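*Asks:* let me see the structure of the following:
(chains A, B, C and D, ligands or ions: 4)
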Amino acid sequence: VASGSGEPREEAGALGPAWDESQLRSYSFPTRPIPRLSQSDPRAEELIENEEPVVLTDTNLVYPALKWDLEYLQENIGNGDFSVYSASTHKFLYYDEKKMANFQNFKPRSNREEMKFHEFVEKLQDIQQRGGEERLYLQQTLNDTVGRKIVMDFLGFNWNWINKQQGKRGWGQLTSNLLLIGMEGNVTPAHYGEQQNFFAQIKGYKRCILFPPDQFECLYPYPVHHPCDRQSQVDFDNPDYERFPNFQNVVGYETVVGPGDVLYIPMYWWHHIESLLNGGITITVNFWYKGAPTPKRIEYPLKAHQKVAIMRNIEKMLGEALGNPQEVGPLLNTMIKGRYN
Amino acid sequence: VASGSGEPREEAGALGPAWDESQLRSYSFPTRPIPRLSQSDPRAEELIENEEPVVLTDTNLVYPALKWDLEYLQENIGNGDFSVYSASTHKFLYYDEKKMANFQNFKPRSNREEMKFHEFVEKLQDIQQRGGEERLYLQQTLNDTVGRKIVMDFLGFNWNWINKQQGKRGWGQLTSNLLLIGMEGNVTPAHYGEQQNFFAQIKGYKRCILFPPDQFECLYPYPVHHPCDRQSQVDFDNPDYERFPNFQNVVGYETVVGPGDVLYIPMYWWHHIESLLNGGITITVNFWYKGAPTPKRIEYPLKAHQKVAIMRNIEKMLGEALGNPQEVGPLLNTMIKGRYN
Amino acid sequence: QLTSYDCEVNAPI
Amino acid sequence: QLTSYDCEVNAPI
Ligand SMILES: O=C(O)CCC(=O)C(=O)O
Ligand SMILES: O=C(O)CCC(=O)C(=O)O
Ligand SMILES: [Zn+2]
Ligand SMILES: [Zn+2]
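*Replies:* Numbers count the residues shown, from 1 in each chain, chains lettered A, B, ... in the order given. Ligands and ions are numbered 1, 2, ... in the order given. You can find the structure just below:
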C-alpha cells in the first residue's frame, strides 16, 4: 500500500523504463502514491477541488516548452540576469535574504549569483568537465526580457485549460512562473507555500514528496521570522529524533513526474523535490496563483491550513508587538510553561 | 534584609504589640518589607507614581468607617443581599462563574450564597458557638441599598486625597468599592488585577504579600479562559515544584496592615492576603480604579505588565479564533514544540 | 493594540 | 482576520 512512486512507467516505443528505483534517495518514512490521471478524469477535477495533489498526464500545459533544452534556451532566453544558486551539498535549502538581518547567526549553505544564461551553461559545462562536485541550481522568474521565441512558446501554453482551473477554483491571479533548471541529484528540502501551484515538468524526472497541512506537528518549520520560514528544520538525510520526535510519525504522498506531467501542489501542502540521481539535468516551470479569498465567516471545525494561518499570524503579531523577533520564543514559552503544557 | 513584615508595631498607650509573628502562616519563599510612610512623604508619592506598593499610614481615607463593626453594620448597612462565600478550607480561591461552563471539570472549594447582613452575622455566630470549622468570607460591592448612616460614613471618606491621586496618576474612574469581612485565618490566594487598588484596612489585621508583575514566570496563573483566570495555580501551602519549578525563585514584598492603614496595590501586581490567625474578624474596604489609558505609541523596552497584557490578549484571541478555549493549549504547544523551546 | 487591557478583578463586573 | 494569509513562496516577491 505504501508503494511510493510505484512501478516505473514504460516509455512509448519500448524505449525501456523512464527511470529505476536506484535513482531515488532513501528516507526514513513511508509514502503512498499520488494519483496519476487524465485532465478529463472526473476524479482529477475532484482532487483539485478538494485541494489534494494529483498528477495530470495530458494537459499539454507547457507543450511548446517540451522541446526546450540548454542549447535552445541559451539561444532564445535573452540577455537578462538569472539567479543561480551554488552549494557544496545536494540540498538547496531556500532562505529569505530580507530576514537575514534578524538572524546574524544563520550561515547559508548555498549562495546566490546573478549571471547571463550563457554564463550558467558555461559554468555548468566547466563543472562536468573538470569532474568537480559543486552543484548549481538556476531559479529565475520568467520576465519581459526573454527572447521572442521563448515568448512564442509561452503563448503556446494551454491557457484555455489553466485559466478555467483558476476560474473554477476561484483562485486569485497568476503571480509568477518560476523557471527551474537543476543538476541531477539536486534537492529542494521540504517546505510549504501560501500559493496554489501547478508544477509543469519539461526535461528530466523529478521525485516529488508531499505531506498534508495536518502534518505541521511532524515537520517543525523554522520560526516565521527566521530566513528559512516555511521550510522544515528536519534534515531528511539525518533526522534528529530528539529534537523532532514527531518526524517518526510522518507519512508522505509521492510521485515521479516527467516531460508532460503537471503536478498540482495544493497551497499549504509541504513538498520535497529532488532531481533523480544520474538522471541528467532537469527543467521545470511552475505556475503560482494566489489562493481564493478567505471566507467571510469561518465554519467549524477549522481546517488544518487555517490553524497554520493562525499560528503564522500569532508569530508575526508578536514579533511586531515585542519590537524584536528574537523575543517571540521567550514570550511564547513563558505563556505555556506550567500553564498549557 | 528579607525581614518580611518587620518588627511588630507597638500600639499607642502601651497597649502591647498589635500582633506577633506566630499569627503569620509559614511559606517557602523570602520577602522584603513594603515601605510604611506618611501621605505627605515625597517618597510615598514617588512610589505610587512608579506604580510600586506603599503602605500609607495617615491618609484618613476611611476615617469614618474605623468605628464600623458587626453590630454597627448590621444596624445600618441595609436589607440588600450580600455575597457570602463558604469553604471548608482557609483558602478562598476566587473563580469566575461565567467561565465555569467552558471547564466542567472544575469543582470550586468555596460556594457563594446571598443573604441579609443579619443572616451573615447569625451564621457567623452560629459557627463560633458550636465550635464548627467551616469558614465564611463576605465580599460585597457597596451599592445604593446601604443605610443612611453608612452613606454618611461613605461621604466622610477622604475624597479630597484619593481624588487628587486619581487625577495625578491619570487613572480612569472609580469602578467600585468592595466590602470585605472575614474570619481570622481566612486567606485569599495570590492573584493580580487589571485595576489600580487602594486597600483600606478598618478592623483587624491582614498580612499582604505582593509580587511584581515580572514574577509572572514563577506564579503560573491559570489559563485566561479558566474560571480561575488571574489567580496563581501554585498551592502556597504545598508548592508542586515539579509542575511549577520557577516558584523556587519567587521573592515577595510583605506587610501587615491594621486600622487606618491604606495599602496601594499597583495594577498587575500579584497579591496574597491573609487575615492573621486568632486575630479575630477583619474588615476592609478597597477602591478599584481603572488604569490610565494605554499609550498612543509604545516605547521600548516594554514593561513587564505590558508583556502580560500581550499574553492575555493572545490567549483571548486564540480562544475566539479556534471557537473553543480548550483548543488554545494544543495550538500553543504545536506552535512551540521543536520550534521555540 | 496588543498591549490593550481590560479591567477585571476578583469581583463580579 | 486571524485566518488571513499572505502569498509567500520559495521565490523573491
Ligand atoms: O522544483 C523545485 O526544486 C522547487 C519547486 C518549488 O518549491 C515550487 O515550485 O514551489
Ligand atoms: O482582602 C482580600 O482578601 C482580597 C482583596 C483583594 O483581592 C483586592 O482588593 O483586590
Ligand atoms: Zn485582588
Ligand atoms: Zn515550493
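
*Asks:* how much space separates the closest residue to residue A:258 other than its chain neighbours from residue B:265?
*Replies:* Counting by C-beta to C-beta, 6 or more residues apart in numbering or on different chains, residue A:205 is the residue found nearest to residue A:258 once chain neighbours are left out, at 4.7 Å. (C-beta placed from N, C-alpha, C; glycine too.) As for residue A:205, its distance to residue B:265 is 71 Å (criterion: C-beta to C-beta, to the nearest Å).

*Asks:* can you pull out the helices in chain A?
*Replies:* Using DSSP state H, the helices of chain A run over A:42-49, A:70-76, A:117-130, A:148-155, A:159-168, A:216-219, A:304-321, A:328-336.

*Asks:* then the longest one to PDB, C-alphas only?
*Replies:* Output in PDB follows, covering the C-alpha atoms of helix A:304-321 (Å, rounded to 0.1, in the frame of the first residue of the first chain):
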ATOM      1  CA  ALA A 304      -5.600  22.300   9.200                       C
ATOM      2  CA  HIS A 305      -4.400  25.000   6.900                       C
ATOM      3  CA  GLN A 306      -6.500  27.600   8.700                       C
ATOM      4  CA  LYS A 307      -4.800  26.700  12.000                       C
ATOM      5  CA  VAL A 308      -1.400  27.100  10.300                       C
ATOM      6  CA  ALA A 309      -2.600  30.500   9.000                       C
ATOM      7  CA  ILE A 310      -3.400  31.400  12.600                       C
ATOM      8  CA  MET A 311      -0.100  30.300  14.100                       C
ATOM      9  CA  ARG A 312       1.800  32.200  11.500                       C
ATOM     10  CA  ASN A 313      -0.300  35.300  12.200                       C
ATOM     11  CA  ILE A 314       0.300  35.000  16.000                       C
ATOM     12  CA  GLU A 315       4.100  34.800  15.400                       C
ATOM     13  CA  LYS A 316       4.000  37.800  13.100                       C
ATOM     14  CA  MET A 317       1.900  39.900  15.500                       C
ATOM     15  CA  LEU A 318       4.200  39.000  18.500                       C
ATOM     16  CA  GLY A 319       7.300  40.000  16.500                       C
ATOM     17  CA  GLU A 320       5.800  43.400  15.800                       C
ATOM     18  CA  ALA A 321       4.400  44.000  19.300                       C
END
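
*Asks:* quick one, what contacts the closest residue to residue A:178 other than its chain neighbours?
*Replies:* The spatially closest residue to residue A:178, leaving aside those adjacent along the chain, is residue A:286, at 4.8 Å (C-beta to C-beta, 6+ apart). Residues near residue A:286 by C-beta atoms under 8 Å, 6 or more residues apart in numbering or on different chains: A:177, A:178, A:180, A:197, A:198, A:199, A:200.

*Asks:* which strand residues bridge residue A:286?
*Replies:* residue A:199 (DSSP bridges).

*Asks:* what's the answer for residue A:87, then?
*Replies:* In this entry, residue A:87 is beta-bridged to residue A:110, residue A:135, by DSSP bridges.

*Asks:* for it, what are its contacts?
*Replies:* Contacts here follow C-beta under 8 Å, 6+ apart; on that basis residue A:87 touches A:109, A:110, A:111, A:134, A:135, A:137.

*Asks:* which residues touch stretch A:320-336?
*Replies:* A:102, A:223, A:225, A:315, A:318-319, B:216-217, B:298, B:300, B:302, B:307, B:310-311, B:314-315, B:329, B:332-333, B:335-336, B:340-341, C:2-3.

*Asks:* from those, which would you call buried?
*Replies:* With burial judged by 16 or more other C-beta atoms under 10 Å in any protein chain shown, the buried subset of the contacts of stretch A:320-336 is A:223, A:225, A:315, A:318-319, B:216-217, B:302, B:307, B:310-311, B:314-315, B:329, B:332, B:335-336, C:2-3.
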